[PDB]
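One structure is given here, and the rest of the page talks about it.
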Amino acid sequence: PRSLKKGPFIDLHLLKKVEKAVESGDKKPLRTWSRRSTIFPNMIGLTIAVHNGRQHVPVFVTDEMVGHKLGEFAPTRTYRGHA
Amino acid sequence: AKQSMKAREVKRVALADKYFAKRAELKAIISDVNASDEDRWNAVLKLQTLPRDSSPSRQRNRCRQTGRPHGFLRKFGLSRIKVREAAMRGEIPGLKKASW
Amino acid sequence: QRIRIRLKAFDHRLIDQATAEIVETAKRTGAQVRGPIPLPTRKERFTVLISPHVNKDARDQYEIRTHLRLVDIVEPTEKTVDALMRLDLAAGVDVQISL
Amino acid sequence: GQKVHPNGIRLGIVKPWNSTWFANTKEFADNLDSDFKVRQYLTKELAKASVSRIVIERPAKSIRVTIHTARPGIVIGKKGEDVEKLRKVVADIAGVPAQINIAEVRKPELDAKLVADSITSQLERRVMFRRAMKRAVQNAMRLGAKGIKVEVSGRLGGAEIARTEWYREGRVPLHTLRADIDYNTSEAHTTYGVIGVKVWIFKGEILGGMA
Amino acid sequence: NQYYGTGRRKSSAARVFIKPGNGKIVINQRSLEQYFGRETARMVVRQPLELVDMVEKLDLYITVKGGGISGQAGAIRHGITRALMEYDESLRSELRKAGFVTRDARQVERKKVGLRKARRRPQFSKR
Amino acid sequence: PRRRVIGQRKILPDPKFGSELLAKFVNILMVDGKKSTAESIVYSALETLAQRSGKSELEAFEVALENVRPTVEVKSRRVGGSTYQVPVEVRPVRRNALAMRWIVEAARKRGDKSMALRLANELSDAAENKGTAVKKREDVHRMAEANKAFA
Amino acid sequence: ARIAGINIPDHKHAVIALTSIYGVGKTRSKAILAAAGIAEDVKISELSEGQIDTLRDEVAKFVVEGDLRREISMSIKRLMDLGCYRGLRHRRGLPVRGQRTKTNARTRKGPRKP
Amino acid sequence: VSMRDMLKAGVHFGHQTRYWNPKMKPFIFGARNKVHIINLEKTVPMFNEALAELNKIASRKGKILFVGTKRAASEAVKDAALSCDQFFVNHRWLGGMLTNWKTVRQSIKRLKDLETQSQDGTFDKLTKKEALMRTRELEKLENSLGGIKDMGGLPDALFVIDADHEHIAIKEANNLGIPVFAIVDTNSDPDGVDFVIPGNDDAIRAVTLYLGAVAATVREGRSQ
RNA sequence: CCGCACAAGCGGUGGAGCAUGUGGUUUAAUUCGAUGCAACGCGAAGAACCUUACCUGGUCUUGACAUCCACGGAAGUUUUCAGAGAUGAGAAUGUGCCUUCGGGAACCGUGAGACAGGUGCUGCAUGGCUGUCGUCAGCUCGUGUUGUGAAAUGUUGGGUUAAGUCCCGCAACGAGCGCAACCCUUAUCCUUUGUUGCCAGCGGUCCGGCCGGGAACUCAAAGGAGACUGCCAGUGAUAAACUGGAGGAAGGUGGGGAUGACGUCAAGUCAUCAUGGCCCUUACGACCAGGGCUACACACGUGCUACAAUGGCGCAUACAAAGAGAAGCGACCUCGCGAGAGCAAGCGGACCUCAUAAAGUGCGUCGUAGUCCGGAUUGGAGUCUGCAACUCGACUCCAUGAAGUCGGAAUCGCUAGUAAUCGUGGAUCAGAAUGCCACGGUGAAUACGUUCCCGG
Ligand SMILES: [Mg+2]
Ligand SMILES: [Mg+2]
Ligand SMILES: [Mg+2]
Ligand SMILES: [Mg+2]
Ligand SMILES: [Mg+2]
Ligand SMILES: [Mg+2]
Ligand SMILES: [Mg+2]
Ligand SMILES: [Mg+2]
Ligand SMILES: [Mg+2]
Ligand SMILES: [Mg+2]
Ligand SMILES: [Mg+2]
Ligand SMILES: [Mg+2]
Ligand SMILES: [Mg+2]
Ligand SMILES: [Mg+2]
Ligand SMILES: [Mg+2]
Ligand SMILES: [Mg+2]
Ligand SMILES: [Mg+2]
Ligand SMILES: [Mg+2]
Ligand SMILES: [Mg+2]
Ligand SMILES: [Mg+2]
Ligand SMILES: [Mg+2]
Ligand SMILES: [Mg+2]
Ligand SMILES: [Mg+2]
Ligand SMILES: [Mg+2]
Ligand SMILES: [Mg+2]
Ligand SMILES: [Mg+2]
Ligand SMILES: [Mg+2]
Ligand SMILES: [Mg+2]
Ligand SMILES: [Mg+2]
Ligand SMILES: [Mg+2]
Ligand SMILES: [Mg+2]
Ligand SMILES: [Mg+2]
Ligand SMILES: [Mg+2]
Ligand SMILES: [Mg+2]
Ligand SMILES: [Mg+2]
Ligand SMILES: [Mg+2]
Ligand SMILES: [Mg+2]
Ligand SMILES: [Mg+2]
Ligand SMILES: [Mg+2]
Ligand SMILES: [Mg+2]
Ligand SMILES: [Mg+2]
Ligand SMILES: [Mg+2]
Ligand SMILES: [Mg+2]
Ligand SMILES: [Mg+2]
Ligand SMILES: [Mg+2]
Ligand SMILES: [Mg+2]
Ligand SMILES: [Mg+2]
Ligand SMILES: [Mg+2]
Ligand SMILES: [Mg+2]
Ligand SMILES: [Mg+2]
Ligand SMILES: [Mg+2]
Ligand SMILES: [Zn+2]
């Protein structure tokens, strides 16, 4: 947890671009590398392609995932089992 | 270490002691008790706007004449190997092999 | 009112020489003096790996001993406080004065 | 079996420090970097002047460098000029008023550093190593040294199998802390790689501590 | 009137002042029974008195600093012994027979590089 | 102990009673250098043993201890290239130490939801020549003199 | 004694008997007893049934017993349904708080399956 | 020395007839009680002619080395050398004492350095244990070279008691050409002695007779 | 014949959970190195970004870092847009400094080549440094002597010692590198100086060395004394030495450390650094964001916490040492159940702060059970550091309460203030210790002996 003294954290570029997208209407998925940004309620209904080290996984933002970070919904390692 | 690593270190030192006052006041505003929520919010954005390499926590202490990033000693500014070299040559004042 | 002087050194013979000189000029210039009254010697210690790779267990221990001396003169006549500042001593001795 | 550095193990017993200033924990590393740069510059600019030692003191707000050399005239230069020329750049490097004193080594063949650098200079001018070794040892023993060991190591004669050859003459007791042993090393960069020379010179046991 | 003795154990130091008149024992402005909550310390602090058979003829004023309870008890015993010797100087032979002038030099051994303790070597495996 | 066979250290006599053997006992059951705890357990156990015995704690302890002191024990030896399980007679201080160790061990493994209680219980038992400590002394003697061939 | 927690607390002291309810630890039990005016070392016996009631209505001020188990179940399903990292780790049965998995992650995996 | 002077001291006495050496037959009077009897008729003139040579050597500033390692007669030979200002070996003979002269000189120098150092000082600078150890080494060096510290160079003449016991010394001397004067019991081989005195070498009385007569003639040769 | 090598002992490891390292497997990458003892809490004295060398993608090509040359600009300072960021495109100031007044030195940008750059290969080309046998007692030489000579002697023999330590014997006599000693620390006393340390006798007290005062004592840190088989007895070649005793704070190199001979293993390190050769040069170099080094069917090593009553829990209450502190240590007071927060004193520190040591002791409780044992795991809610705690930080509160009831074969450590147990501090460090390096508290058992095991 970050703090209650401070506010939840978000990358400035991501904030500006998601506000542009939400005011201009739904569009293509917003590409971002900001795995460390908190999902704000003004981002529900959007689709954000979050980087995972090599490829932008598209995550469709739901109501229930508000408050979590984007990187939580784009795993970086691949296991697939040991066979 | 490579010359590029020492170059990165000196550039980080310069950027950290160039933006020290602005980062200080922004962090003060953010951690300020009873600060305006909008003022605290804009300070968070402004702080994340500054160059990433301006935070002192991004500096890595390196041995001052080889650049080694491990085994650093703050009292001397050198790694363990160069500390031992200068100590045995009698180039560190007072330092001598101890036994008790 | 008084003058309190702290001497710091890395070697104790040098600090003994310096404090003897200080107390001797003070006694010569008419001031009343307190003796060296040595404060506890601070021995800072370091332990470093003598082996560049693999052998962490092989290592040696070094220490810097800094010796303290305290000289207090209770009657700092202007005949004396000047001669104090005029006095210069060895290089490896730190001198700190307070009134 | 590895051996302790014979100079460092006698520090404060029979051997003095090469830096004799005092500093707190906030200007200590700065002082080490400063006088490392000073020593580096002085060894670079004086490689031909046969410099043996560089002592560095730091009085209240100054720096004093004593250069123990074997050829004082070359260091000073004519009219006493080159000494001032290097004094001003030492003051630039240290960022503080500087002084330069010069102490002459009256017998160079008894100083470990001078013997070692002479041997290395003869080595990188492709002189046969055993010749220089024997000549150094005999010159030292002739001028009243009570013992000397000279060891040259690493690809001698330009071979493909590096080996270490040493030669001792006299009494060189390394386990006696009371013994006054001058010890130094040097490196020769021949066309077949680097060659390491070590010199121990025993000058008699000293009775009565540092005094 | 007074007779003084200093005693030392592992890291403790005890100043002991003896005078004649009673069997009072004070340790750091506290009675013996309320400074040493151990019967072993209580009996080892008055061994010299019971040995020389002067238990109720001497008032003891003690000041002990450093160490633990056993160290302080032993330092006070050594100090009482030395003060008794300064008191009569003929009790020395019996006190030495009891071994109270021993001043044992045992001290906590220092930790050493490569070991986990003064002598405890780390565990070792081959296969 | 290959060159100079080293002697034994001198425990100073017990604080409360004055028995050096009781001092050896309290040293023997002391765990983790915790002297006072074992000392209190021993003092409490001896007093409880004394009330049933009607005898002085030192004597009842002595009669219980001698009732456990073995006189012969087995030893693994090599003299003629054989795993010689030789019965050999014991020394006095060795049999004292073995008796104390055996009674401490039996007490520790009895439990009785206490320490002083179980110690006093089995000390009173070994006093009347019964219990696991006595059982183990008889078992040692049996193992020893079941192989009388090597005497 | 049968508290609002449908289980049956033991015969031991109250302060620890109340910890048998799924959702009550030591601190919550102390708080309940202090709210009901009952001493901690009093056994579960010698308590008039009125006191059992005046502690049942107190423990009723917490979500303990079955309701807590349902709350834990739905909060885990939240993660297992969102698709977050914690959800996938709850699904695969692996430590969800960043512990190493190269060795000794057994309590999340059970006995070793060679 | 007169035959009567020797005979009372017992010079005629010898070793057992069981233990004799072949070349000694000319010097043997006969046997009694299975004991070899030495003939004083040969002993006296040979000793006198040897005393002549010893007087000559000492009268040309000769350095004389008295040699004997018998535990009974060590002090007698030492005092004998002191009575004529000469050099001696009374402790067990060291091989190469004459042939390895250079090594002895280093040992002589070390003995001189330790005694000079103690007089000069610096023993206070040495640790009390170290100073005592240096004194012990000085004592050991003196017990080893008390007689020859002042010999300076190789001696000009050797006097040997029981030449068979000291055979290494005579072998060295012959290898150096240094003359050997020796009291030769019947069990000894007389080849190595250029001026041979056949006589008892154990008996304290006869040994002291030899030493006293030699020392009197050596002082006489010195006096001139 | 020696060594915790075995034996005699005490406590472990091997079973459990967790921490950590390695192998393996997986992966876009899981960077590289270390591999029987002598690799495996190792290089790393501390990977969220940084570090970072690895991966994906975006970018640069005399370059991130150095000198040189030409051309054009003072340097720097405050902003806007685009971009994940590297980087691109955008305004007023400045016009400083020095001038034979050209210009220069500083710095900036562009252009052109010499070049830079490489944590790229080789530790079977090297220096340096280190491990290891092993603090094991050895390794040799000069001269002499013996032998045609290769060589031998010394260095073997008899005793003795921790020791090639020492004494006898002996063609050996000596010396060198080692052994020992010199050094550090510790145990007693003395002398000197008494602050910020001390408080015996004194007066004054708010009962606080707190304040007059005291220089005694503890202590602080300089100097010096002291232990030498010196003394006694006995054994022993009358020797070396051994055994015991006296005195003594200390007795037989008092305890501990530092100190590691000639050499061994082509042992380790080209990734600290340096370096021969080779290799790369719009890339194997350089910049940036995100990811990885933290994976997880398993195997091994080193640890931590446990399985409890010699204990757990609550209340009360004693006794340490050694350290650190200026972008630092941070009191008191207030707020919060708490991690902490707010205000803010003092301290470059025998003064102030970290900072109440915990085992212990007293009183009460639990009564042998998977428990008032154990704490894993997990849910919820928080604090702090930091641009930023998703991958992947530590800590707190509430809840949850796995395994575990003493561990097979086998194996490790330790001979005294030692093992065991109990806390404390420090280095690295914004934050991140169960590791490492130090400190003190409590405090044992046993050693008949050298037959065996391992090593010399
Ligand atoms: Mg959380
Ligand atoms: Mg480089
Ligand atoms: Mg960092
Ligand atoms: Mg300090
Ligand atoms: Mg070493
Ligand atoms: Mg809880
Ligand atoms: Mg983790
Ligand atoms: Mg066991
Ligand atoms: Mg296992
Ligand atoms: Mg295990
Ligand atoms: Mg792998
Ligand atoms: Mg690896
Ligand atoms: Mg380790
Ligand atoms: Mg790329
Ligand atoms: Mg360009
Ligand atoms: Mg290059
Ligand atoms: Mg290269
Ligand atoms: Mg190698
Ligand atoms: Mg040894
Ligand atoms: Mg060997
Ligand atoms: Mg031997
Ligand atoms: Mg040999
Ligand atoms: Mg030989
Ligand atoms: Mg022998
Ligand atoms: Mg020797
Ligand atoms: Mg011999
Ligand atoms: Mg030594
Ligand atoms: Mg002290
Ligand atoms: Mg005062
Ligand atoms: Mg002193
Ligand atoms: Mg001694
Ligand atoms: Mg005695
Ligand atoms: Mg004695
Ligand atoms: Mg010692
Ligand atoms: Mg290795
Ligand atoms: Mg990066
Ligand atoms: Mg444990
Ligand atoms: Mg514990
Ligand atoms: Mg710290
Ligand atoms: Mg406080
Ligand atoms: Mg509060
Ligand atoms: Mg705070
Ligand atoms: Mg702390
Ligand atoms: Mg308690
Ligand atoms: Mg519990
Ligand atoms: Mg439970
Ligand atoms: Mg041992
Ligand atoms: Mg601990
Ligand atoms: Mg810690
Ligand atoms: Mg300890
Ligand atoms: Mg063997
Ligand atoms: Zn004869």
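Naming works like this for the structure tokens: A, B, ... for the chains as they're shown, residue 1 at the start of each chain, ligands 1 onward in shown order.
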Long-range neighbours of residue 185 in chain H as a short mmCIF file (atom, residue, chain, number, x, y, z; two decimals) with C-alpha atoms, in the first residue's frame, 9 Å cut-off, only C-alpha atoms (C1' of nucleotides), 6 positions minimum in chain:
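The file below, part_38.cif, is the result:
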data_model
loop_
_atom_site.label_atom_id
_atom_site.label_comp_id
_atom_site.auth_asym_id
_atom_site.auth_seq_id
_atom_site.Cartn_x
_atom_site.Cartn_y
_atom_site.Cartn_z
CA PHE H 13 101.33 -46.61 34.36
CA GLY H 14 99.43 -47.76 31.28
CA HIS H 15 96.26 -49.38 29.91
CA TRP H 20 97.12 -51.84 23.23
CA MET H 24 103.64 -48.73 20.76
CA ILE H 38 105.53 -47.53 29.89
CA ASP H 162 95.31 -38.73 25.31
CA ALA H 163 95.99 -38.42 21.58
CA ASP H 164 93.67 -41.34 20.81
CA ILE H 197 105.42 -38.41 24.62
CA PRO H 198 104.35 -41.93 25.62
CA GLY H 199 102.77 -41.74 29.06
CA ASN H 200 99.63 -42.05 31.13
CA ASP H 201 96.90 -39.63 30.05
CA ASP H 202 94.15 -40.26 32.63
#
Filtered DSSP result for chain E, state strand (DSSP E or B), as a PyMOL selection string: chain E and resi 3-8+13-20+25-27+30-31+58-65
Could the residues that lie within 10 Å of ligand 11, counting only C-alpha atoms (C1' of nucleotides) and all ligand atoms, be listed as a list in words? residues 22, 23, 24, 25, 26 and 30 of chain I
Any chance you can output those residues with C-alpha atoms (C1' of nucleotides) as a PDB file, in the first residue's frame?
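Printed below is selection-v4.pdb as written:
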ATOM      1  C1'   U I  22      23.374 -24.097  -5.764  1.00  0.00           C
ATOM      2  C1'   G I  23      22.007 -27.905  -9.309  1.00  0.00           C
ATOM      3  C1'   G I  24      18.099 -29.016 -12.488  1.00  0.00           C
ATOM      4  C1'   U I  25      13.912 -27.715 -15.259  1.00  0.00           C
ATOM      5  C1'   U I  26      11.219 -23.548 -17.250  1.00  0.00           C
ATOM      6  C1'   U I  30      15.749 -16.259 -15.988  1.00  0.00           C
TER       7        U I  30
END
Any residue with an atom at most 12 Å from ligand 20 counts, using only C-alpha atoms (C1' of nucleotides) and all ligand atoms. Which are they? Put them as a PyMOL selection string. (chain D and resi 1) or (chain I and resi 132-139+261-264+456)
Show me, as a PyMOL selection string, the residues that have an atom within 10 Å of residue 76 in chain B when counting only C-alpha atoms (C1' of nucleotides), minus same-chain residues fewer than 6 positions from it. (chain B and resi 63-64+82-83+92) or (chain D and resi 25-33)
Could you dump the residues just selected with C-alpha atoms as a CSV table (one decimal), in the first residue's frame?
chain,number,residue,atom,x,y,z
B,63,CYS,CA,34.8,2.8,-5.9
B,64,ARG,CA,36.3,6.2,-6.7
B,82,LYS,CA,41.6,-0.6,-3.3
B,83,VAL,CA,41.1,0.1,0.5
B,92,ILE,CA,45.5,5.8,4.5
D,25,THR,CA,34.3,11.1,8.2
D,26,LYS,CA,33.0,13.8,5.8
D,27,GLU,CA,36.3,14.9,4.2
D,28,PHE,CA,38.1,11.6,4.5
D,29,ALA,CA,37.2,10.1,1.2
D,30,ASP,CA,37.7,13.5,-0.5
D,31,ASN,CA,41.2,13.6,0.9
D,32,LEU,CA,42.0,10.1,-0.3
D,33,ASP,CA,40.8,10.9,-3.8
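Nearest residue to chain C among B:51, B:67, B:93, B:56 is B:93, counting only C-alpha atoms.
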Counting only C-alpha atoms, a student should be able to say which residues of chain D come within 10 Å of chain B; what is the right answer, written as JSON, numbers by chain? {"D": [4, 5, 6, 7, 8, 9, 10, 11, 12, 15, 16, 17, 18, 19, 20, 21, 22, 23, 24, 25, 26, 27, 28, 29, 30, 31, 32, 33, 35, 36, 37, 54, 55, 56, 57, 183, 184]}
Output the neighbourhood of ligand 50 as a PyMOL selection string, that is, all protein and nucleic acid residues with some atom at most 9 Å from the ligand, counting only C-alpha atoms (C1' of nucleotides) and all ligand atoms. (chain E and resi 108-111+117-118) or (chain I and resi 422+439-441)
